[PDB]
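> Right, I'll just put the structure down here and ask away after.
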Amino acid sequence: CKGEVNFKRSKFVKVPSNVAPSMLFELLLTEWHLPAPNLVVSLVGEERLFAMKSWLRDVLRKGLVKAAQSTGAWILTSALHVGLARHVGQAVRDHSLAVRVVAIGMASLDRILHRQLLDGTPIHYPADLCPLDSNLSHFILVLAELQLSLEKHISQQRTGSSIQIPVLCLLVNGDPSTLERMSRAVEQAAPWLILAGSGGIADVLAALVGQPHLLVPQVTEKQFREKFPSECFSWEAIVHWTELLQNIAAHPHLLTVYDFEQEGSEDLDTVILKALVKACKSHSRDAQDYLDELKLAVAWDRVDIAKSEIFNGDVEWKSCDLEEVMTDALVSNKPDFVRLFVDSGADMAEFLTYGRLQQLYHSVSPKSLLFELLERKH
Amino acid sequence: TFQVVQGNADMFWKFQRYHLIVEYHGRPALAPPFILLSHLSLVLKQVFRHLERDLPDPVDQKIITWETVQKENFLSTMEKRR
Ligand SMILES: [Ca+2]
């Protein structure tokens, strides 16, 4: 049941739970004609109680999205709620006003206001239970099972020349319930990035990933008493969450906690790429599996990390498979990478044939002068 | 004086050029002896009845925002150099 709301027409699809994710992703791609994503990051925090500090806003939005505007990605931001969601949404629109970054809003149809009017073709939605935003341009209206299964589907489908799609999760000061949402997520093999100064459950998590005895019989009670003390908790409820934490902390490779206020020198893209490579290390050591992440590095122009982490000597590279990324580095004229690829084992002797050279010459930017010269001569 | 002119009077030359440009822009096509027709025609039209032109709200607003972004980039660059 696809429809559009002409507010600025925004599309929406009503989907019940346990629906085949493949059908959803394919309907998205075809009927909305959205570009293939080179990255997807899923938000996990929305608490309107605590405002966003400076050190958070500046980097998290400006420094991250200004860089991501070069390669584009998807943002699985929760809609129909009040929080940083509308901030990020309008931020993307203001950045585009000046490869694209888009936000997809998914939310349960019950918590929305004026849902009968939408269920019964732009359904007028002027709103003074919580009302819905009119900034986000797309809606997947129903839910945690859907988000988990859709992440499992995206992290698996191969859109490549056969390359994967990287997935990442960004936890920003969430409520205790999200614990469950994260628990099974560790089984789903998707790297988590936890902001240590966020100020929700991210705080207690950042604290309790490293301990002498990671088992938290009552120190978890101590932390939950320390942070957000307005909410009292039953010991019988705790005795379960502590086991949840004891299970989650049993996979250190996936999750990574990071602090931004102490030394913000490392921008967001650096830690994102670092966590992605750290997670992809544990899975396998094949040549092809590293390609997607590697491509992302080329888009960020981060030679030092690609040299330290990828080309450390673990993955044995051959001259056969570096051709695609080599052409991608040539066309984008990043020369610090071409030298690295040549030294890593690639050869210009067998790679460059007259067909490849014609393909390179076809790729001249249409605005440039050589383009017009060759076109006029032809 | 030359050296003074190498800087300041060279700037004046440009200043003089700008003044001349505006002066000739305001002149009509007819020559000194032919002005007797253009001035008369202009006076007749006035008795009977460029730089100044500006855009609309939408169009202009984009320009203003773009300039703002440029200024921000400039300041951030100055800070980085600092
Ligand atoms: Ca990969």
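Identifiers for the structure tokens are assigned positionally: chains receive A, B, ... in sequence, residues are indexed from 1 per chain, and ligands are indexed from 1 in the order shown.
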Would you list the residues that come within 8 Å of ligand 1? Count only C-alpha atoms and all ligand atoms and give the answer as a list in words.
residues 163, 164, 165, 166, 280, 288, 289, 290, 291, 292 and 293 of chain A
> So which residues of stretch 211-339 of chain A fall under helix (DSSP H, G or I) by DSSP, listed as a ChimeraX atom specification?
/A:219-226,235-248,268-283,288-300,303-308,310-312,323-331,335-339
> Atoms to include: C-alpha atoms. Write the selected residues as a short mmCIF file (atom, residue, chain, number, x, y, z; two decimals), in the first residue's frame.

```
data_model
loop_
_atom_site.label_atom_id
_atom_site.label_comp_id
_atom_site.auth_asym_id
_atom_site.auth_seq_id
_atom_site.Cartn_x
_atom_site.Cartn_y
_atom_site.Cartn_z
CA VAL A 219 27.75 -3.01 40.12
CA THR A 220 25.22 -2.74 37.30
CA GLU A 221 22.70 -1.75 39.98
CA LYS A 222 25.23 0.82 41.18
CA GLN A 223 25.56 2.35 37.72
CA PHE A 224 21.82 2.36 37.02
CA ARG A 225 21.39 4.08 40.38
CA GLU A 226 24.06 6.63 39.43
CA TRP A 235 16.24 -6.19 41.65
CA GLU A 236 14.40 -8.99 39.85
CA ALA A 237 14.48 -6.82 36.73
CA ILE A 238 18.21 -6.15 37.18
CA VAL A 239 19.19 -9.81 37.61
CA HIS A 240 18.18 -10.19 33.95
CA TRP A 241 19.80 -7.10 32.43
CA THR A 242 23.09 -8.03 34.09
CA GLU A 243 22.99 -11.37 32.28
CA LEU A 244 22.19 -9.49 29.07
CA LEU A 245 25.34 -7.43 29.59
CA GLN A 246 27.39 -10.51 30.46
CA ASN A 247 26.34 -11.97 27.12
CA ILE A 248 26.89 -8.79 25.09
CA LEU A 268 33.96 10.49 12.81
CA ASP A 269 34.95 9.00 9.45
CA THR A 270 38.25 7.81 10.94
CA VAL A 271 36.64 5.84 13.77
CA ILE A 272 33.90 4.56 11.44
CA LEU A 273 36.45 3.12 9.02
CA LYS A 274 38.53 1.79 11.91
CA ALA A 275 35.56 -0.07 13.41
CA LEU A 276 34.48 -1.40 10.02
CA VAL A 277 37.93 -2.84 9.35
CA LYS A 278 38.21 -4.22 12.89
CA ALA A 279 34.92 -6.06 12.43
CA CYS A 280 35.74 -7.30 8.93
CA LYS A 281 39.04 -8.69 10.25
CA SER A 282 37.36 -11.32 12.43
CA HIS A 283 34.95 -12.61 9.77
CA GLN A 288 37.35 -9.77 -2.12
CA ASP A 289 35.70 -9.27 1.28
CA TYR A 290 37.94 -6.29 2.05
CA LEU A 291 37.03 -4.46 -1.18
CA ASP A 292 33.91 -2.55 -0.08
CA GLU A 293 35.54 -1.09 3.03
CA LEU A 294 38.68 -0.37 1.00
CA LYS A 295 36.62 1.52 -1.57
CA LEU A 296 35.18 3.62 1.24
CA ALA A 297 38.73 4.55 2.24
CA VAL A 298 39.37 5.86 -1.28
CA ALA A 299 36.28 8.04 -0.91
CA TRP A 300 37.57 9.39 2.41
CA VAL A 303 45.97 6.42 3.07
CA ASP A 304 47.54 5.86 6.50
CA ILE A 305 44.72 3.64 7.79
CA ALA A 306 44.47 1.62 4.58
CA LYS A 307 48.22 1.05 4.84
CA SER A 308 48.23 0.15 8.54
CA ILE A 310 44.37 -3.42 5.31
CA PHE A 311 47.84 -3.74 3.78
CA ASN A 312 49.42 -4.82 7.09
CA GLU A 323 42.02 -3.42 -11.30
CA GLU A 324 38.62 -2.00 -10.32
CA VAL A 325 39.84 -0.02 -7.33
CA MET A 326 42.82 1.11 -9.42
CA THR A 327 40.53 2.58 -12.08
CA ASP A 328 38.44 4.16 -9.32
CA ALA A 329 41.57 5.78 -7.89
CA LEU A 330 42.73 7.01 -11.30
CA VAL A 331 39.41 8.55 -12.32
CA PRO A 335 47.51 9.89 -6.55
CA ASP A 336 48.51 8.91 -3.00
CA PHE A 337 46.54 5.69 -3.56
CA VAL A 338 47.88 4.85 -7.03
CA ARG A 339 51.42 4.61 -5.68
#
```
> Using only C-alpha atoms and a distance of at most 9 Å, pull out the residues of chain B that contact chain A, as a ChimeraX atom specification.
/B:62,65-66,69
> Residues at most 10 Å from residue A:55, counting only C-alpha atoms, excluding those fewer than 2 positions away in the same chain, as a list in words?
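That gives residues 52, 53, 57, 58, 59, 60, 197, 260, 261 and 264 of chain A.
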> Can you tell me how far atom CA of residue A:132 sits from atom CA of residue A:88, in Å to one decimal?
15.0 Å
